[PDB]
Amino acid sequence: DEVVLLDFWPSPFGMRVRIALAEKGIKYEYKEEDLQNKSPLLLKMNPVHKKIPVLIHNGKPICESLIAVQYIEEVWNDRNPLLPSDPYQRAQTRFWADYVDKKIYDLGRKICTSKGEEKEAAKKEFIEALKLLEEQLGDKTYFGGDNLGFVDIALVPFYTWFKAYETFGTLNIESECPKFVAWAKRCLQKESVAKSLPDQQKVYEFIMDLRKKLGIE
(Lines of atoms letter the chains of each structure in order from A and count residues from 1; the text may use other names and numbers.)
(Lines give C-alpha, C1' and ligand atoms only; values in the text may rest on other atoms or scores of the structure.)
Protein backbone atom coordinates (compact mmCIF):
# COMPACT_ATOMS: atom_id res chain seq x y z
CA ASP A 1 0.00 0.00 0.00
CA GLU A 2 1.59 3.23 -1.13
CA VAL A 3 0.35 6.63 -0.01
CA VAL A 4 1.94 9.80 -1.38
CA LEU A 5 0.84 13.41 -0.95
CA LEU A 6 1.85 16.08 -3.46
CA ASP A 7 1.71 19.37 -1.56
CA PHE A 8 3.13 22.86 -1.06
CA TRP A 9 4.08 23.71 2.51
CA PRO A 10 2.03 26.89 3.10
CA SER A 11 -1.09 25.62 1.30
CA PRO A 12 -4.09 25.50 3.67
CA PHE A 13 -5.69 23.01 1.28
CA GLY A 14 -2.75 20.61 1.54
CA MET A 15 -2.68 21.03 5.34
CA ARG A 16 -6.22 19.63 5.40
CA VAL A 17 -5.03 16.38 3.86
CA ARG A 18 -1.95 16.27 6.10
CA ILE A 19 -4.23 16.49 9.14
CA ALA A 20 -6.66 13.85 7.91
CA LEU A 21 -3.81 11.41 7.24
CA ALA A 22 -2.18 12.04 10.62
CA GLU A 23 -5.48 11.80 12.49
CA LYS A 24 -6.11 8.40 10.89
CA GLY A 25 -2.53 7.36 11.65
CA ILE A 26 -1.81 6.73 7.98
CA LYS A 27 1.88 6.71 7.10
CA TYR A 28 2.62 8.49 3.85
CA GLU A 29 5.33 10.19 1.83
CA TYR A 30 5.05 13.97 1.60
CA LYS A 31 6.42 15.43 -1.63
CA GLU A 32 6.99 19.17 -1.86
CA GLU A 33 6.01 20.72 -5.19
CA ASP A 34 7.39 23.86 -6.78
CA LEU A 35 4.29 25.48 -8.27
CA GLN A 36 6.47 27.59 -10.58
CA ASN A 37 8.02 24.36 -11.84
CA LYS A 38 5.37 21.68 -11.61
CA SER A 39 6.64 18.11 -11.77
CA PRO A 40 5.68 15.64 -14.50
CA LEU A 41 4.09 13.61 -11.70
CA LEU A 42 1.82 16.48 -10.63
CA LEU A 43 0.87 17.24 -14.24
CA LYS A 44 0.03 13.58 -14.84
CA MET A 45 -1.94 13.17 -11.61
CA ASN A 46 -3.97 16.37 -11.82
CA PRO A 47 -4.20 17.24 -15.53
CA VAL A 48 -7.51 19.08 -15.05
CA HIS A 49 -6.53 21.58 -12.34
CA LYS A 50 -2.74 21.11 -12.07
CA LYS A 51 -3.02 21.98 -8.37
CA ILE A 52 -1.95 20.52 -5.06
CA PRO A 53 -2.80 18.73 -2.87
CA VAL A 54 -2.97 15.45 -4.75
CA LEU A 55 -3.39 12.31 -2.68
CA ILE A 56 -1.95 9.29 -4.48
CA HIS A 57 -3.12 5.95 -3.20
CA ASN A 58 -1.52 2.91 -4.79
CA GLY A 59 -0.71 5.02 -7.83
CA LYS A 60 -4.21 6.45 -8.23
CA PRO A 61 -4.82 10.18 -7.66
CA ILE A 62 -7.49 11.88 -5.61
CA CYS A 63 -7.62 15.64 -6.27
CA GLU A 64 -9.46 18.41 -4.40
CA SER A 65 -8.55 18.62 -0.72
CA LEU A 66 -12.01 17.96 0.79
CA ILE A 67 -12.68 15.12 -1.67
CA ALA A 68 -9.35 13.58 -0.59
CA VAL A 69 -10.31 13.93 3.09
CA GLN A 70 -13.62 12.18 2.38
CA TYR A 71 -11.77 9.43 0.51
CA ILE A 72 -9.50 8.96 3.53
CA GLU A 73 -12.59 8.78 5.76
CA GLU A 74 -14.19 6.12 3.55
CA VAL A 75 -11.08 3.97 3.00
CA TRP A 76 -9.55 4.07 6.49
CA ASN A 77 -12.84 3.66 8.35
CA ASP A 78 -11.51 1.65 11.28
CA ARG A 79 -11.11 4.53 13.72
CA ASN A 80 -11.29 8.29 14.23
CA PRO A 81 -14.40 9.00 12.12
CA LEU A 82 -14.16 12.48 10.59
CA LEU A 83 -17.82 12.73 9.57
CA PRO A 84 -20.92 11.99 11.68
CA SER A 85 -22.97 8.89 10.87
CA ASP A 86 -26.36 10.62 10.90
CA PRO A 87 -27.29 11.87 7.41
CA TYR A 88 -28.60 15.23 8.60
CA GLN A 89 -25.56 15.92 10.76
CA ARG A 90 -23.36 14.85 7.84
CA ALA A 91 -25.19 17.28 5.55
CA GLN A 92 -24.56 20.07 8.05
CA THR A 93 -20.87 19.22 8.38
CA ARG A 94 -20.60 19.27 4.60
CA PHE A 95 -22.45 22.59 4.49
CA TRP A 96 -20.01 24.25 6.85
CA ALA A 97 -16.92 22.77 5.22
CA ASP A 98 -18.36 24.09 1.94
CA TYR A 99 -18.83 27.50 3.55
CA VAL A 100 -15.19 27.52 4.65
CA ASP A 101 -14.09 26.41 1.19
CA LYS A 102 -16.02 29.23 -0.48
CA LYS A 103 -15.14 32.07 1.89
CA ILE A 104 -11.93 31.82 3.83
CA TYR A 105 -9.09 31.35 1.36
CA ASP A 106 -10.47 33.92 -1.08
CA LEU A 107 -11.29 36.59 1.51
CA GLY A 108 -7.87 36.05 3.08
CA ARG A 109 -6.14 36.34 -0.29
CA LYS A 110 -7.95 39.62 -0.93
CA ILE A 111 -6.84 40.78 2.50
CA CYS A 112 -3.24 39.98 1.54
CA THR A 113 -3.25 41.30 -2.03
CA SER A 114 -6.12 43.66 -2.84
CA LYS A 115 -6.22 47.37 -2.04
CA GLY A 116 -8.71 50.10 -1.17
CA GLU A 117 -12.42 49.32 -1.07
CA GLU A 118 -12.09 45.73 -2.25
CA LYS A 119 -9.66 45.18 0.61
CA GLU A 120 -12.01 46.84 3.12
CA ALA A 121 -14.99 44.75 2.01
CA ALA A 122 -12.85 41.60 2.20
CA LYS A 123 -11.83 42.47 5.78
CA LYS A 124 -15.43 43.03 6.83
CA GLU A 125 -16.67 39.81 5.23
CA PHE A 126 -13.77 37.85 6.70
CA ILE A 127 -14.62 38.87 10.25
CA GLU A 128 -18.31 38.19 9.57
CA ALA A 129 -17.40 34.68 8.40
CA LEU A 130 -15.29 33.93 11.45
CA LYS A 131 -18.21 35.07 13.61
CA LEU A 132 -20.70 32.85 11.78
CA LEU A 133 -18.29 29.96 12.30
CA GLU A 134 -17.98 30.80 16.02
CA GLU A 135 -21.75 30.69 16.24
CA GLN A 136 -21.82 27.26 14.62
CA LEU A 137 -19.12 26.00 17.03
CA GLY A 138 -21.23 26.95 20.04
CA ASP A 139 -19.89 25.48 23.27
CA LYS A 140 -18.43 22.42 21.57
CA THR A 141 -14.75 21.60 21.98
CA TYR A 142 -14.35 21.14 18.21
CA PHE A 143 -16.69 21.55 15.28
CA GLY A 144 -16.63 17.76 15.28
CA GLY A 145 -17.83 17.70 18.89
CA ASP A 146 -15.47 15.98 21.32
CA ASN A 147 -13.10 14.96 18.52
CA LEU A 148 -11.68 16.68 15.43
CA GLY A 149 -14.11 16.47 12.54
CA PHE A 150 -14.44 17.37 8.86
CA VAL A 151 -15.04 21.09 9.54
CA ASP A 152 -12.08 21.37 11.93
CA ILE A 153 -9.86 19.82 9.27
CA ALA A 154 -11.30 22.11 6.60
CA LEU A 155 -10.85 25.26 8.66
CA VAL A 156 -7.95 25.11 11.10
CA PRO A 157 -5.22 25.33 8.42
CA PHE A 158 -6.26 28.94 7.82
CA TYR A 159 -5.16 29.78 11.34
CA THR A 160 -1.56 29.52 10.10
CA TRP A 161 -2.28 32.53 7.86
CA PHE A 162 -3.59 34.66 10.73
CA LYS A 163 -0.46 36.76 11.24
CA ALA A 164 -0.55 37.59 7.53
CA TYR A 165 -4.25 38.51 7.67
CA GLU A 166 -3.72 40.65 10.77
CA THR A 167 -0.60 42.42 9.55
CA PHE A 168 -1.61 43.16 5.96
CA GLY A 169 -5.27 43.68 6.84
CA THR A 170 -4.60 45.64 10.02
CA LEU A 171 -6.98 43.39 11.92
CA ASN A 172 -6.90 42.20 15.50
CA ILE A 173 -8.67 38.86 15.15
CA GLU A 174 -7.73 37.90 18.70
CA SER A 175 -9.88 40.60 20.29
CA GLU A 176 -12.73 40.34 17.78
CA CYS A 177 -13.01 36.56 17.76
CA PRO A 178 -11.52 35.08 20.95
CA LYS A 179 -13.79 32.02 20.77
CA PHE A 180 -12.37 31.23 17.33
CA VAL A 181 -8.77 31.68 18.39
CA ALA A 182 -9.28 29.52 21.50
CA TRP A 183 -10.74 26.80 19.28
CA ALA A 184 -7.78 26.97 16.89
CA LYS A 185 -5.35 26.68 19.79
CA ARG A 186 -7.26 23.64 21.08
CA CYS A 187 -6.78 22.04 17.68
CA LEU A 188 -3.09 22.93 17.79
CA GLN A 189 -2.87 20.89 21.00
CA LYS A 190 -3.49 17.77 18.86
CA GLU A 191 -0.39 16.07 17.43
CA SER A 192 -2.13 15.43 14.09
CA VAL A 193 -2.64 19.16 13.73
CA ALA A 194 0.57 20.45 15.27
CA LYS A 195 2.80 18.33 13.05
CA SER A 196 0.80 19.23 9.90
CA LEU A 197 0.81 23.02 10.21
CA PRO A 198 3.69 25.47 9.72
CA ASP A 199 4.07 28.33 12.23
CA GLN A 200 2.32 31.64 11.60
CA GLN A 201 5.68 33.37 11.40
CA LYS A 202 6.93 31.21 8.52
CA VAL A 203 3.71 31.78 6.59
CA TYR A 204 3.76 35.52 7.34
CA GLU A 205 7.33 35.71 6.00
CA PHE A 206 6.40 33.72 2.91
CA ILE A 207 3.43 36.01 2.17
CA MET A 208 5.55 39.10 2.82
CA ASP A 209 8.03 37.89 0.23
CA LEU A 210 5.15 37.05 -2.11
CA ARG A 211 3.78 40.59 -1.84
CA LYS A 212 7.24 42.09 -2.39
CA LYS A 213 7.60 39.88 -5.47
CA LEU A 214 4.17 40.90 -6.78
CA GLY A 215 4.97 44.59 -6.43
CA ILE A 216 2.38 45.09 -3.69
CA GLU A 217 4.27 46.15 -0.57
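Just count from 1 along the sequence shown to find any residue number.
(message) Please compare 67 to 75 with 126 to 134 and say which has the higher mean C-alpha temperature factor in the record.
(response) It is 126 to 134 that shows the higher mean C-alpha B-factor.
(request) Check the entry's C-alpha temperature factors for 112 to 120 and 77 to 85, then say which stretch has the higher mean. (result) Of 77 to 85 and 112 to 120, the stretch with the higher C-alpha B-factor average is 112 to 120.
(request) Could you say which of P40, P157, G149, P61 has its CA atom at the highest B factor, as listed in the PDB entry? (result) Going by the entry's C-alpha B-factors, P40 comes out highest.
(request) Have a look at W161, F168, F180, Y28 and flag the one whose Cα has the highest B-factor in the entry. (result) Each of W161, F168, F180, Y28 was compared by C-alpha B-factor; the highest is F168.
(request) Determine, from the deposited record, the chain-internal third of the Cα B-factor for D101: lowest, middle or highest. (result) Middle third.
(request) Could you say whether, by C-alpha temperature factor, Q201 belongs to the lowest, middle or highest third of its chain? (result) As the PDB entry reports it, the C-alpha B-factor of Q201 lands in the highest third of its chain.
(message) Among the modelled residues of this chain, does the Cα B factor of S192 put it in the lowest, middle or highest third?
(response) Middle third, going by the recorded CA B-factors of the chain.
(request) Sort the modelled residues of this chain by their C-alpha B factor and say whether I56 lands in the lowest, middle or highest third. (result) Answer is lowest: the recorded C-alpha B-factor places it there.
(message) Ranking the modelled residues of this chain by C-alpha B-factor as given in the entry, is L35 in the lowest, middle or highest third?
(response) CA B-factor rank for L35: highest third.
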